[PDB]
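Quick note: the coordinates plus some simple rules give every number you see, no bench work behind them. Positions of Cβ are generated from backbone atoms using ideal geometry, with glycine treated the same way; all protein chains shown enter the neighbour counts.
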Amino acid sequence: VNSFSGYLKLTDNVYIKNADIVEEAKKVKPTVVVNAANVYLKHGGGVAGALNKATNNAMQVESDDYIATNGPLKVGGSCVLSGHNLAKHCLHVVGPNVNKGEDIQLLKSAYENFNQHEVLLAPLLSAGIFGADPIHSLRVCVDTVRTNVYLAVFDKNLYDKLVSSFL
Ligand SMILES: O=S1(=O)CCC[C@@H](Nc2ncnc3[nH]ccc23)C1
């Protein structure tokens, strides 16, 4: 039993809710919140901008030190950093950005990072400003993640469509 509430169960291991991931993180304090990161960990907008703002920019400060030491992530890759006031840990995962021309097949590689964590609160990778089709992102998620994932979808209209079209 865990503290996630109000989610629709899609499969054995994938759950979905119309929620603001920032508000959900602050209420649940999950072990892991996933950030929709870019390779530079520049958390300017979308989910990343919102998570970073909720940490009062502490996420960005930590991220800048990470990059200065380690260099950029790979598209499809991830790193574990602090969750600050939102979670124990933040798993920064880089899905492909269609608006940069990145290969969509890398979306499966991006979701494979979730399998290193038993339970996660997450957004749909490569959705929103990353330009992929969220219905496709949900399909890849369900077909790739085997650990327990709680998906937060900010837009109610999109949430209803994802549910209504889910096979
Ligand atoms: O274009 S996006 O930002 C790309 C990443 C996922 C979507 N965003 C969110 N999803 C869930 N909670 C959120 N709180 C603030 C933004 C947000 C759309």
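General remarks:
- Measuring against 29 Å, Cα to Cα, the residue pairs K53/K100; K29/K100; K9/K42; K9/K74; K100/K156 contain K29/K100; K9/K42; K9/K74 as the ones spanning a longer distance.
- Each of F130, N18, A50 was scored by the projection of its Cα onto the charge dipole of the chain, and the greatest displacement toward the positive side belongs to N18; charges sit on the C-beta of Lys, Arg, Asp and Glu.
- Assuming charge only on the beta carbon of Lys and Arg (+1) and of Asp and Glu (-1), the dipole of the chain about its Cα centre is about 220 debye to the nearest 20.
- FRET efficiency for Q116 and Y40, using Cβ-Cβ distance with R0 set to 25 Å, rounded to 0.05: 0.70
- Listed residue (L73, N113, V28) projecting farthest to the positive dipole end of the stretch 21-134, Cβ model: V28
- MRE, 222 nm, helices only [DSSP H, n ≥ 4, -39500 (n - 2.57), over the chain, to nearest 500]: -10000 deg cm²/dmol
- Of the beta bridges in the stretch 8-165, as assigned by DSSP with both residues counted there, near 30 percent are antiparallel.
- Here the stretch 8-165 is treated as a Stokes sphere of Kirkwood radius computed over C-alpha pairs; at 4 °C and 1.567 mPa s its diffusion coefficient rounds to 85 µm²/s.
- The mean sequence separation of alpha-carbon pairs under 8 Å and at least six residues apart, normalised by the residue count of the stretch 8-165, gives a relative contact order of 30 percent.
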